[PDB]
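Below: the structure, in C-alpha cells.
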C-alpha cells in the first residue's frame, strides 16, 4: 500500500526531482544522492583567473596605495596610486599576460621626467620618452620574427630592409656599406629623421613609378620608408601586411611615419585606420583604446561587445587607473558596472576581503552601502582574524556596522554580550 | 532515499534538509564536513521546501509538507522544539519563504489547493494569518519574496511589500500588501505553456532594475524584467528551453548567476552576457 500510496503522491504532485538554489555566500548546492547529507557544497567555479589575487599580501600592498576618504557616510576611494606597472611584479616576464600589463603601462602609465626643464617642451620631451619606450618594446616582440626571416633571406638588400623593421638603423647602414650599396647607406641614416627629406624621396618614387622600366623591389621599400608614409602612399607596403605581424607593421609607422607632426595617439590611430586587426588580440585592442583617446569609453563598450580578450579584472583595473590618473574620462556608471562584477568575481572566489576593497571604488553611494553592508555582516567572522584583515575593516567600515554585524553573530551564536 | 530541498543557514553554519521520508534533518558543516544534529520528524507526508529565518530572531527554521501542515522549529540552547504549527490549508503546501528581515518575521506559504497563507509573528507564541484564497487556479508551487526596498521623521519606512508566485495555471502572479491590510494581485504573468515550477525574485545588488526568474513543465526559463521603478511593465525574456521539465531556479548573490536545476538530472549555471543574451557558464557534477 505504501508503494501504491507513494506513486499516488508523485503523479498528483507531478513530481520529478532535482533541486538547486544559491547558498548564502554564493555557492551552489544540488542533490547528491554519494554525500551523506544528500546535498553538495559546490565550490562555485571562479571565473576570475589570477595567481596573485589569491595571495593576501598583494591586497594589503594595494591598500596602501589607495587613500580612502569617507563618502559622506560610508567609505570611498579618493586618491588612487595604482599603476598597471605595479601588477608586473606579481608576473612571469615570459607570460603574455605580463605583456598586456607591460604594454598597457608604457602607453597608459604616467611617465616621469626627472630632469628639470623650461616647461612646454617637457610635454615634447615626455612624448619622446614614451614613444621611445613604446617603440623599443614592440621591437622586443617582433625580434624573433624578424630575425628568423633574415636568417632564411637570400639577398643582401632585403635584410637591410629587415633590420630597419628591427628599428636598427645603424646595422642596416653597416650592412649597406658592406654590400656596396654605398648610396643607400647614407640615405638610411636619414631614418629616425622626421626631416622633410620625405618629400624629395616621395618625388623619387613618383618619378620612378611614372616610367622606371627598373628599380629593386626592396630598394623601393626602403624609399617608401624614408617617405614617411609607408602604407599611406602610392607604392604601398600594404601588401606586406600578409607577410609580417600586424605589430611589425605598426612599428614601421611608429618609427618612421612622422613623429613630430602627429601625436603618439593620433599617429597610432593613423596606422590603425589603415589595417584592421584580430578582434580577439588583446594587445591589439589595447592600442585601439590608447589611440581612441578622444572616444575611449565609446570604444570600450564595443570592445566589450565583441571579444573577451580583456579579463574582468583588467577591465576594472584599467578603468580605475585611468580615472584616478585623469588620463582619461569614463562613465561613473560604466565604471561602477565594471567594479561590481569584479567585486562579485572576487566574492565567488571567497576572497571577501579583497572583494570588499574593490566595492569601495563604487561611485554609487547607495549601491555601495548596500553591497558593503550586506557582505560585512554576512562575512563578519572571517574578516576579523588577521592584521591585514584587521586593516581591512580599518579601511573605512563604519564602526556601527562592524559591531552591528557582530551582534547578529552573537544572537545566532547564542552567546550574547 | 531522495531529498527534495535543502538550504544552508545564514552565516553558513548549518544545513537543513528534508526528503520524502517526512524527515527534516539539520546538519552542520564546519570545514566542509557534514554532521547531523537532529532529525525533526512530524509530517504525515513528504516535506517539500524548507527555509531558515533571519538570525535576528534567534534560530528558526520552517518546513512545509504534503501533510497540508507547516512547521516552525525554534531553538533554545540545543532545544530544537517546534514553537508553532499551522495547518490553514486543505491541500499540500508546495512552498515556503521568509519575508526580508526588515518587514518583520513574516512567512509566506503557497498550498496546492490554490491558496496562500502569511504567518506574521507577534509578541509571544501568537501568529496571525492573513490568507489569500483562490490565488492560482489549480494550486501553487512557488513563492518568492521581492527584495526589501526602502521608499524626515522618526520612522522605519513602509515598504512596497511585494512577493511573486507561480502555480499550476501557468501564471506567475505578483502580489502586494495594500496599505489597509490585505494583499492583492498587482499583476499576472502568462508566458508559460504549462505548470510554473519555481519563481525566484533575484536580489537587488542595490540596482533598481529588479528581475525575476521562472521555470516550468514546458522546459523554458524566463527572466522577467522591470525596466524602471513604478512602471507595471514586466517584459519576459527567454533563457533557454530543454526538452525536459525544469524543477528549480536560484539566484547567486553577487553576479546574479542563475542556477538552473532541471532537465537531465543536470544543473546549469547562467550569467547574462555584456550583450544581454544569457549563457551557460558551466555544467555542474
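Read the figures in this text as sums done on the coordinates, not as results from a lab. Because the Cβ atoms are built from the backbone with ideal geometry, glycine has one as well, and the counts that use them run over all protein chains shown.
Data table
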{"quantity": "Residues satisfying the stated conditions in segment A:146-173, i.e. within 33 Å of the chain's Cα centre (by Cα) and either exposed (fewer than 15 other Cβ atoms within 10 Å of the Cβ) or in a loop (DSSP other than H, G, I, E, B) (or both)", "calculated": "A:147, A:148, A:167, A:168"}
{"quantity": "Hits in segment B:269-285 (condition: more than 9 Å from chain A (Cβ to nearest Cβ) and in contact with a strand residue (DSSP E or B) (Cβ under 7 Å, 6 or more places away or on another chain))", "calculated": "B:270, B:272, B:278, B:279, B:280, B:283"}
{"quantity": "Single residue of B:54, B:84 found to be surrounded by fewer than 20 Cβ atoms within 10 Å (Cβ to Cβ) and within 17 Å of the chain's Cα centre (by Cα)", "calculated": "B:54"}
{"quantity": "Residue check for residue A:349: in contact with a helix residue (DSSP H, G or I) (Cβ under 8 Å, 6 or more places away or on another chain) and more than 26 Å from residue B:59 (Cβ to Cβ)", "calculated": "yes"}
{"quantity": "Selection within segment B:256-267 - over 19 Å from the mean Cα position of the chain (by Cα) and either buried (at least 23 other Cβ atoms within 10 Å of the Cβ) or within 7 Å of another protein chain (Cβ to nearest Cβ) (or both)", "calculated": "B:265"}
{"quantity": "Helices (runs of 4 or more DSSP H) enclosed by segment A:301-417 - at least 2 residues per element that are within 23 Å of residue B:149 (Cα to Cα) and within 14 Å of chain B (Cβ to nearest Cβ)", "calculated": "A:332-349, A:352-359, A:365-384, A:399-413"}
{"quantity": "From A:128, A:118, A:220, A:187, residue being under 30 Å from residue A:265 (Cα atoms) and assigned to a loop (DSSP other than H, G, I, E, B)", "calculated": "A:118"}
{"quantity": "Residue match in segment A:1-11 (condition: at the interface with another protein chain (Cβ under 7 Å from one of its Cβ atoms) and more than 30 Å from residue A:399 (Cβ to Cβ))", "calculated": "yes"}
{"quantity": "Output for segment B:32-51, where each listed residue is surrounded by fewer than 19 Cβ atoms within 10 Å (Cβ to Cβ), outside any loop (DSSP other than H, G, I, E, B) and within 11 Å of chain A (Cβ to nearest Cβ)", "calculated": "B:34, B:35, B:36"}
{"quantity": "Criterion (within 11 Å of chain A (Cβ to nearest Cβ), crowded, with 17+ Cβ neighbours inside 10 Å and either over 18 Å from the mean Cα position of the chain (by Cα) or farther than 23 Å from residue B:131 by Cβ (or both)) met by exactly one of B:66, B:10", "calculated": "B:10"}
{"quantity": "Segment B:202-215 residues that are surrounded by fewer than 20 Cβ atoms within 10 Å (Cβ to Cβ), paired with ones that are assigned to a strand (DSSP E or B) (beta carbon under 7 Å, 6 or more apart)", "calculated": "B:209/B:225"}
{"quantity": "Selection count where residues are assigned to a helix (DSSP H, G or I), out of contact with any helix residue (DSSP H, G or I) (no Cβ under 6 Å at 6 or more places or on another chain) and within 13 Å of residue A:158 (Cα to Cα), scope segment A:174-184", "calculated": "1"}
{"quantity": "Unmet criterion (only one of (1) under 21 Å from the mean Cα position of the chain (by Cα); (2) more than 9 Å from chain A (Cβ to nearest Cβ); (3) farther than 19 Å from residue B:165 by Cβ) for residue B:236", "calculated": "(3)"}
{"quantity": "Qualifying residues in segment A:27-49 (those that are buried (at least 19 other Cβ atoms within 10 Å of the Cβ) and in a loop (DSSP other than H, G, I, E, B)) - the one farthest from the other protein chains (Cβ to nearest Cβ)", "calculated": "A:48"}
